[PDB]
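As C-alpha cells, one chain now follows by itself in the form deposited in one PDB entry.
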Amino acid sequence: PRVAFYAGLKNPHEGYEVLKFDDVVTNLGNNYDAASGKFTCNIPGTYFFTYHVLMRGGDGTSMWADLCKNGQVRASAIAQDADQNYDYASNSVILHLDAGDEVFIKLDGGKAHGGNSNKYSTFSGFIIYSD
C-alpha cells in the first residue's frame, strides 16, 4: 500500500478553522482532500505526519496550529513574536489510525501566511506500517 502526501497552504487563513492546504504536490493513495483539508485513512496502520505553518508577518503577534485526529488534539504548536515578525508553528507525530480516521491541521487563532505557489506553510504524511 502506497500512501504519502505533501501539500502547501497557498491561501491565507486567519482565525479558528481547519487549514485547507490547497497546493497539493504529492498524494499517493489519494487520501488527502484539499476541499476539506483532511487526510482520511483507508489503510489501518501507523503513520507519520508533520506540519509547518508560517505566521504572517507585519500584523499580529501569536498564532496557534494543532494537529488533530478526529475530534482530538494530538500535537500543538505556537508561533509568537512581539515585533510581528514571521515565525513558524510546526510539529510532528506518529499515530496509529483506523479506517475512517481523519487527520488535519487546525488554526486555533492568529494569521497563517498563504504563500501562493511558494509552499511556505505545509502538511505532509505517509504510512510507516500497515496493520
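The first residue of the sequence shown is number 1, and the count goes up from there. We call the rigid core whatever largest set of C-alpha positions still superposes within 1.5 Å between the two forms. Shifts are known only where both forms have a C-alpha.
Although it is not shown, the form deposited in another entry is what the next lines describe.
Trainee: Any idea which of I43, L95, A75, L28 has its C-alpha shifted 2 Å or more between the shown form and the other one with the rigid core fixed?
Mentor: The displaced C-alpha is that of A75.
Trainee: Does the C-alpha of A65 move 2 Å or more between the shown form and the other one once the rigid core is lined up?
Mentor: Yes, its C-alpha moves 2 Å or more.
Trainee: Suppose the core is superposed; which segments, at least 3 residues long, show C-alpha displacements of 2 Å or more throughout between the shown form and the other one?
Mentor: Residues 60 to 82 form the single run that moves by 2 Å or more between the shown form and the other one.
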